[PDB]
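Single-structure report; data block below.
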Amino acid sequence: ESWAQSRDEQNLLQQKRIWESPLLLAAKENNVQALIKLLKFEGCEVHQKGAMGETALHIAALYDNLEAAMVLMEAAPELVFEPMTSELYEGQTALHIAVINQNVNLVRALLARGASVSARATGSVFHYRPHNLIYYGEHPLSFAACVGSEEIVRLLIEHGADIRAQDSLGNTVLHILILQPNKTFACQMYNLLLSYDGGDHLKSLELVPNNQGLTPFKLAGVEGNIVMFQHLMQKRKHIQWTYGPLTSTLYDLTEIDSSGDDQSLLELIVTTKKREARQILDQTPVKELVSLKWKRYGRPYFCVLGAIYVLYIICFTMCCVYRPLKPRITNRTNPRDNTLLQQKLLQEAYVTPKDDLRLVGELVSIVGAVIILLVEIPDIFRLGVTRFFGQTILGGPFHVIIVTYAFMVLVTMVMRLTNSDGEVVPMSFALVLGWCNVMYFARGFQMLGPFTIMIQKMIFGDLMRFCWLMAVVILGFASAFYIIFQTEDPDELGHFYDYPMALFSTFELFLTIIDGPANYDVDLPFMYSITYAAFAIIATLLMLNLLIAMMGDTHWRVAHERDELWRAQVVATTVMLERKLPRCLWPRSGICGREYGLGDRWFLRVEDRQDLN
Amino acid sequence: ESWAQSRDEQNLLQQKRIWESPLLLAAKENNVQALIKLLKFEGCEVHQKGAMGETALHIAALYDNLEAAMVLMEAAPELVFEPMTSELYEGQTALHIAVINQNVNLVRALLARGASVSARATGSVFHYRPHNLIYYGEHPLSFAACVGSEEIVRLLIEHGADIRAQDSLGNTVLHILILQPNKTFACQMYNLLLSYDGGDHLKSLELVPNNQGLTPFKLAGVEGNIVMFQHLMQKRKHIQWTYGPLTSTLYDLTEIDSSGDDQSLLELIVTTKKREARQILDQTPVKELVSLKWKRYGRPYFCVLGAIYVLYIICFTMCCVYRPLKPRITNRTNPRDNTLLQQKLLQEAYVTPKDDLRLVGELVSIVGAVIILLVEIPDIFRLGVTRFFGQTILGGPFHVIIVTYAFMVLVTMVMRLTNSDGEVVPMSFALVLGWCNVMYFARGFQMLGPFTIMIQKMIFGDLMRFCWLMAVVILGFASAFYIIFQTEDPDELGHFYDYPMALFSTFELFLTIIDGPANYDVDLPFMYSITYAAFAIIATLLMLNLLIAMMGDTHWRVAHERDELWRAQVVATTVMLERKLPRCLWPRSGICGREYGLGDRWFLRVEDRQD
Ligand SMILES: [Ca+2]
Ligand SMILES: [Ca+2]
């Protein structure tokens, strides 16, 4: 990009000023003997700049020079307050740089001389963007508490570093630590922050969400943080009793699901994209709910919703094959090739009640296409069109077939009551979608779930890299088969009588479903045989018989993700019905309070086996 | 099922009535100071109940609070004789808790005051059910003898704990040690139980069957336990001699062999469904019977009975193709689709003695149909209605084919001397099932054997998850194709002239056997060439060529669970034959007894090499 080259030009111009401006060079080389000479009788210069507008203190801070910064604090005791000011770096101060480079004795010096511990690091490089490497928030407490320098963490809080602090993204200091991938310390560094949460108001520092409304318990599951999730879980897990090897424990379940307002954690999991945000389902309180919500309640309602669906498509199919048809309205087979002896009725014949019994049947299937549009036009009303044509399998392309099937039946309603000739065209797409859409209910089955994802994976993923190989090879030999048979009879051996037939014939000799154009009464032209024998090798025993190995390579190599997706297919099916079915038949999952002195949070009982003495 | 929920509902109620009645509350947190204050002057309360009617002494022990338990015995010396009075906890007295929770000093003191160390505990959580976690039996001696605490085992017997004591499941202590999963101590504790057995006037301890008639050597074999089955063997394995590295060794074979009285270990293994039960059949006093019982006597008797089966079908197959047929009795010429010009005879045509030669062919093939219904009735009458329709592959679905074969042959017998027209249809199943039922004799072959398991394993498990993914698609495009060609002639391009043919002709295009319809003289409707192309992409290179990789993935994943089943398939043939044939051509396995100075137990000799 043109933007990333701008970072290169400045950072080389940043170094050019260091080869100029001799005190900055004296600052980089830890040169103190020149720096006394360049200041203590003439000086004249002390508020220097660079390419990023930094000072000699910042230069003496980026390279670890306690001696050089010692003279600079003594020379001008107002260097410590002003920040960097540029496009990329903005608002960063010498307190920040001294933190990230772990320089404990320098931070001890700067706080004694007076440094702003609330300096906003509002620069351009600091934003949480994937083309930046590290994201440490803004405040100098966050820069310490992320790299794990817990001594400086203790050093800052003694000088009035506020824990409550939000960035431009609304994140607090606990939202940050969940985001570093090299975790390793952030179990321990988490607790040191709560050890300074001793005296506050009623919001106990974890009930403070981000800008998009997401507490650090919620943020741990959304970001795929297995290590920090169990560390948070130990806080809200209550152990009831132990009895030899049986330990029964309670779980909080106040935000695990508690699917009662808008932002249940089970809803947040099956919307995301991250591969590791989906294995929270492995963990011990969530793998109980989505089992019990599905097995006692979710499974039988889903089949009743499925078994009512098959009887709908049949009622549409049973009124499809009973179209009104006339025998051969007006014409008589004029050139050739008019194998067409029928005509549909005008809509002036609904007499003879087994043509009227269908009329109450289509009215069933014409209101069935209204209710599907009424349940999916309010789906783009809440979340955008990138949900449909995004390839999120958790409710995948089964939301673009059912709309088109709903959209096609109304076109038949438009093709009816206008008396237009061509109207097999919506009804042909109406059946090939309306039957292939009962594939959606192959989802909650034990044996037929994870097969369906493999069909969905080879349609796009491993046939959009074969059809571009199919359409090229066909376009050669189909055009080549035209030229050979151009000066020939289409009567005897007539597989190619024009070019739009000549693809359709050649397309099926590639798939080996038609036989292969051969006649023996007549003498085929000699270039037909050489051309077709090269077609038969490359297609039949080099392309199709490559593709069977192409599947089998990619079949055993991803059969540990389809067992992860299929479980998440069930969960997104479960929560979809919880926010849709009215609460007369799904009770709230778990055990409530206030019959027991509990605290009104809905709880859930878990008992396991300790297997040690 | 709200019952396990109802377990969870009551567990909070104990934890609510403990916050009331504060001596129960102090009993949890062993507050010895306040417990003095609630007792020494007024008290008035000590016979408390909980949600399950439990005591303060229970809660003082359910949490290991020994100091508070000291005061309760001194204040109330009557609590130790009364049980928990509920459904979920019935009969569990205060001793049961302190045993499982390993409390040495409390059991030393509770028996010092003296508790019933033989009282029974029969709550709903304690019965041997798959939903409860641990099963430690009923009696308090069993609870010590399942956790590994050898001292409490030594302590209870000194105070009068009867070892020989059965539960409602009839299990002893020695049956229950077999059932814990992580053994790790139980084999080491197994010696401690038989140390206290004396061998009295009564029968010795391991000769006690359970409530379902089963000894603790059999129950190590049914449950798939290996490590107990090793340790049980050394008490009955006699060393003959050694010769350098060689050891010739004489095994007991008292109960391992069939020997009549059908509760035998080689019987009880291949009837059960536990997967690790068939892992026993590699242990050395078992794998050598089933070699010698099969190699010298199970191999030829099975194949000779195999050859009389092939001669049975051919004597029906030649009998089938020689029916009597008249040319076209009285009808003529439905002017289309009436290719029907032969008609079977009424049974008034038994002239021409190549019908008399056929008459013995029917009667040979009609008696074998009866003898199957005399050999296979004594299995569903011997409780096999859940075994045939059960998918126990050890004798799999070949037992439901052969009854269906014998049923259709007798339907044919009804068809003759009734002169009903449809005899082709029941005779048509009598060939595709009769010939495919010779596949059962491909069991005892070195080579052909474990392939037949994969055929049985693909029909149920990797094809029935594909036939549902066909009848969806193949019902889509058949009703699609029929509407396209509805305004078209059936005379030319008549692949779909009515709708039941339109499914059947679609079913073959999905398998690539018909060529796909085409007729280059007549102009196809333009919606045909769009649809059929997209049906030939789904079928040929996306569904069929995916079904092949479904096969090839799971083949090398059960390529070592068919070499487990086939070895267990052979043994289930030998044991089935051994009780069926009279023991006059079968010798009994092993060497005899009292002809040598032995003691009548049928022994067996196996010699090995050490290293
Ligand atoms: Ca052909
Ligand atoms: Ca063919």
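The values are calculated or read from the model by the stated rules, or taken from the named source; no laboratory instrument gave them. Neighbour counts are summed over all protein chains in view; Cβ atoms, including those assigned to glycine, are modelled from backbone coordinates with ideal geometry.
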statement: Reported set for the stretch A:411-430 where residues are in contact (Cβ under 8 Å) with a residue 24 or more places away in the chain and in contact with a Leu (Cβ under 9 Å, 6 or more places away or on another chain) is A:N419
- request: Kindly provide the set of residues from the stretch A:265-304 that are outside any helix (DSSP H, G or I) and under 19 Å from A:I178 (Cα atoms), ordered by number.
  value: A:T272, A:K273, A:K274, A:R278, A:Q283
Subset of the stretch A:486-506 (residues that are surrounded by 14 or more Cβ atoms within 10 Å (Cβ to Cβ), of a type in the set (F, W, Y) and in contact with a helix residue (DSSP H, G or I) (Cβ under 6 Å, 6 or more places away or on another chain)): A:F496, A:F504
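Please go through the stretch A:597-607 and give me each residue that is charged (D, E, K, R) and within 8 Å of another protein chain (Cβ to nearest Cβ), ordered by number.
The initial filter retains those residues of the stretch A:597-607 that are charged (D, E, K, R), namely A:600-601, A:605, A:607.
Correct list: A:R605, A:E607.
Do you know which of the residues in the stretch B:560-596 that are in a helix (DSSP H, G or I) and surrounded by fewer than 16 Cβ atoms within 10 Å (Cβ to Cβ) is farthest from the other protein chains (Cβ to nearest Cβ)?
Going through the stretch B:560-596, the residues in a helix (DSSP H, G or I) turn out to be B:562-578.
When the remaining residues are screened for being surrounded by fewer than 16 Cβ atoms within 10 Å (Cβ to Cβ), the result is B:563, B:576.
Values: B:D563: 20, B:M576: 31 Å.
Only one residue fits best here, namely B:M576.
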- request: Could you tell me which residue of the stretch B:352-408 is surrounded by the fewest Cβ atoms within 10 Å (Cβ to Cβ), considering only residues that are aromatic (F, W, Y) and without any contact (Cβ under 8 Å) to a residue 24 or more places away in the chain?
  value: B:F381
- line: Scanning the stretch A:520-559 residue by residue, the ones that are more than 10 Å from chain B (Cβ to nearest Cβ), surrounded by 14 or more Cβ atoms within 10 Å (Cβ to Cβ) and among the hydroxyl-bearing types (S, T, Y) total 4
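Closer than 30 Å to A:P300 by Cα and within 14 Å of another protein chain (Cβ to nearest Cβ), is that true of B:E54?
no
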message: Considering only residues that are touching a residue at least 12 places away in the same chain (Cβ under 8 Å) and either outside the structural domain of B:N11 (by CATH) or in a helix (DSSP H, G or I) (or both), which ones fall in the stretch B:28-39?
response: B:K28, B:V32, B:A34, B:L35, B:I36
statement: A careful count of residues in the stretch B:490-507 that are part of a loop (DSSP other than H, G, I, E, B), without any contact (Cβ under 8 Å) to a residue 24 or more places away in the chain and more than 16 Å from ligand 2 (Cβ to nearest atom) gives 6
- prompt: When residues of the stretch A:467-507 are filtered for being of a type in the set (S, T, Y) and either within 11 Å of another protein chain (Cβ to nearest Cβ) or within 16 Å of ligand 1 (Cβ to nearest atom) (or both), how many remain?
  reply: 2
- prompt: Which of (1) farther than 19 Å from B:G444 by Cα; (2) over 25 Å from the mean Cα position of the chain (by Cα) is the odd one out, the single condition B:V304 does not satisfy?
  reply: (1)
Filter result (of a type outside the set (G, A, S), within 41 Å of the chain's Cα centre (by Cα) and exposed (fewer than 12 other Cβ atoms within 10 Å of the Cβ)) within the stretch A:1-48: A:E1, A:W3, A:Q5, A:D8, A:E9, A:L12
message: The conditions are (1) more than 8 Å from chain A (Cβ to nearest Cβ); (2) in contact with a helix residue (DSSP H, G or I) (Cβ under 7 Å, 6 or more places away or on another chain); (3) within 27 Å of A:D337 (Cβ to Cβ); (4) within 16 Å of ligand 2 (Cβ to nearest atom), and B:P517 fails exactly one of them. Which is it?
response: (2)
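Going by what's in this entry, would A:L205 be described as in a loop (DSSP other than H, G, I, E, B) and farther than 26 Å from A:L110 by Cβ?
On the way: in a loop (DSSP other than H, G, I, E, B): yes; farther than 26 Å from A:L110 by Cβ: yes.
The answer is yes for A:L205.
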- request: Report yes if some residue within the stretch A:368-376 is within 14 Å of chain B (Cβ to nearest Cβ), within 30 Å of A:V571 (Cβ to Cβ) and out of contact with any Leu (no Cβ under 9 Å at 6 or more places or on another chain); otherwise report no.
  value: no
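Does B:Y440 meet the test of being among the hydroxyl-bearing types (S, T, Y), crowded, with 16+ Cβ neighbours inside 10 Å and away from every other protein chain (no Cβ under 14 Å)?
On the way: among the hydroxyl-bearing types (S, T, Y): yes; crowded, with 16+ Cβ neighbours inside 10 Å: yes; away from every other protein chain (no Cβ under 14 Å): yes.
Considered against the rule, which asks whether it is among the hydroxyl-bearing types (S, T, Y), crowded, with 16+ Cβ neighbours inside 10 Å and away from every other protein chain (no Cβ under 14 Å), B:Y440 comes out as yes.
If you check A:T487 against the conditions, is it more than 16 Å from ligand 2 (Cβ to nearest atom), in a loop (DSSP other than H, G, I, E, B), in the same structural domain as A:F466 (by CATH) and among the β-branched types (V, I, T)?
Spelling it out, A:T487 is indeed more than 16 Å from ligand 2 (Cβ to nearest atom), in a loop (DSSP other than H, G, I, E, B), in the same structural domain as A:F466 (by CATH) and among the β-branched types (V, I, T).
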- prompt: Going through the stretch A:315-339 one residue at a time, which ones are without any contact (Cβ under 8 Å) to a residue 12 or more places away in the chain and within 11 Å of chain B (Cβ to nearest Cβ)?
  reply: A:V321, A:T333, A:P335, A:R336, A:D337, A:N338, A:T339
query: Applying the selection to the stretch B:448-470, what residues are surrounded by 14 or more Cβ atoms within 10 Å (Cβ to Cβ) and not in a loop (DSSP other than H, G, I, E, B)?
result: B:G449, B:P450, B:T452, B:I453, B:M454, B:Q456, B:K457, B:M458, B:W468, B:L469, B:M470
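Can B:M73 be described as under 24 Å from B:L35 (Cβ atoms) and away from every other protein chain (no Cβ under 14 Å)?
Details: under 24 Å from B:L35 (Cβ atoms): yes; away from every other protein chain (no Cβ under 14 Å): yes.
In short, yes.
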field: Residue that is away from ligand 2 (no atom under 16 Å from the Cβ) and free of Cβ contacts under 8 Å to residues at least 40 places away in the same chain, where the choices are A:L565, A:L524, A:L604, A:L581
entry: A:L524
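Search the stretch A:508-559 for residues being β-branched (V, I, T), more than 16 Å from ligand 1 (Cβ to nearest atom) and part of a helix (DSSP H, G or I), and hand back the single one that is nearest to A:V473 (Cα to Cα). Before you say what the answer is, go through the steps one by one.
Just the residues of the stretch A:508-559 that are β-branched (V, I, T), to begin with: A:512-514, A:522, A:530-531, A:537-538, A:540, A:548, A:554, A:558.
Of the ones still in play, those that are also more than 16 Å from ligand 1 (Cβ to nearest atom) are A:522, A:530-531, A:537-538, A:548, A:554, A:558.
Within this subset, residues satisfying the condition of being part of a helix (DSSP H, G or I) are A:530-531, A:537-538, A:548, A:554.
Values: A:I530: 16, A:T531: 13, A:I537: 12, A:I538: 9, A:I548: 18, A:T554: 24 Å.
Ranking the qualifying residues of the stretch A:508-559, first place goes to A:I538.
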